[PDB]
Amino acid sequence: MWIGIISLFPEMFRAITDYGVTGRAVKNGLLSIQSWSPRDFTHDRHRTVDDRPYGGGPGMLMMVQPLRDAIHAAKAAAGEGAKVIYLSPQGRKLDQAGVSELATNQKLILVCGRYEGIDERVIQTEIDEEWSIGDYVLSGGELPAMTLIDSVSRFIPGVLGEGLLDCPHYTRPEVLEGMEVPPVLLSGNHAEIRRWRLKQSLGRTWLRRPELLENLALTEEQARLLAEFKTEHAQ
């Protein structure tokens, strides 16, 4: 996987380039990242990158020419089949399934807005798809870009060595403040353990995200474990 970045603050990406799973993938070559900043495509003395919006409005928009030039340069480095993504609260809402679709590309170019955004005609001319990390607003496309890169990298084979929320987890000591590790975790029974996990997963998804379960086709075993969870919950 190759990733080109267009952003006014390339340095922010160090958060993904130098730490954890992501930094190691990068140091090992599973992942590469280059960035072109619109600031280096500026022609004026003040290096201008924002511009006024037609029709009035609150903020600024990214100046079009320095933005397009930065995008063109990433396009030139990357070539054919490099999907251009614009991070935007107006794009498709990201979820594990879309992360899957994205992880399927070998080359991506991510476009990071600042201010109130980018010119509609640049989106229509330069971008293949818009993606949002969630129904809320950030002041930049960097975190969203890094978020996209992080979740997707987890699918590349050397990076790490289905409907429900995960179950609770436990690790040393066996009793922490009078609270014990559920005894099944301590038995060695592979299936009694797997059963407790699926059951806790079903119950948590019910308690916290009942709507995920409605989009799930449960097996009879899952229905029984849920029904069983719901019952020992009324106690």
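Heads up: residue numbers just count along the shown sequence, starting at 1.
Chemist: Might you work out how many residues are unmodelled in the deposited sequence between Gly161 and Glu162, and answer none, 1 to 3, 4 to 9, or 10 or more?
Modeler: Going from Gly161 to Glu162, the model skips 10 or more residues of the deposited sequence.
Chemist: Averaging C-alpha B-factors over each stretch, which comes out higher, 135-143 or 76-84?
Modeler: According to the PDB entry, the answer is 76-84.
Chemist: I need to verify one thing: averaged over C-alpha atoms only, is the B-factor higher for 166-174 or for 183-191?
Modeler: Averaged over C-alpha atoms, the B-factors run higher in 183-191.
Chemist: Relative to the other modelled residues of the same chain, rank the CA B-factor of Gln106 and answer lowest, middle or highest third.
Modeler: CA B-factor rank for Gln106: highest third.
Chemist: By the recorded C-alpha temperature factor, relative to the other modelled residues in its chain, which third is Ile3 in?
Modeler: Tercile = middle for this residue's CA B-factor.
Chemist: Against its chain's modelled residues, does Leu226's Cα B factor rank lowest, middle or highest third?
Modeler: Its C-alpha B-factor, which the entry lists for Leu226, ranks in the middle third among residues of this chain.
Chemist: Please place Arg208 in the lowest, middle or highest third of its chain by C-alpha B factor as given in the entry.
Modeler: Ranked within chain, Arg208 CA B lands in the lowest tercile.
Chemist: Ordered by C-alpha B-factor within the chain, which third holds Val152? Give me lowest, middle or highest, please.
Modeler: Middle third by C-alpha B-factor.
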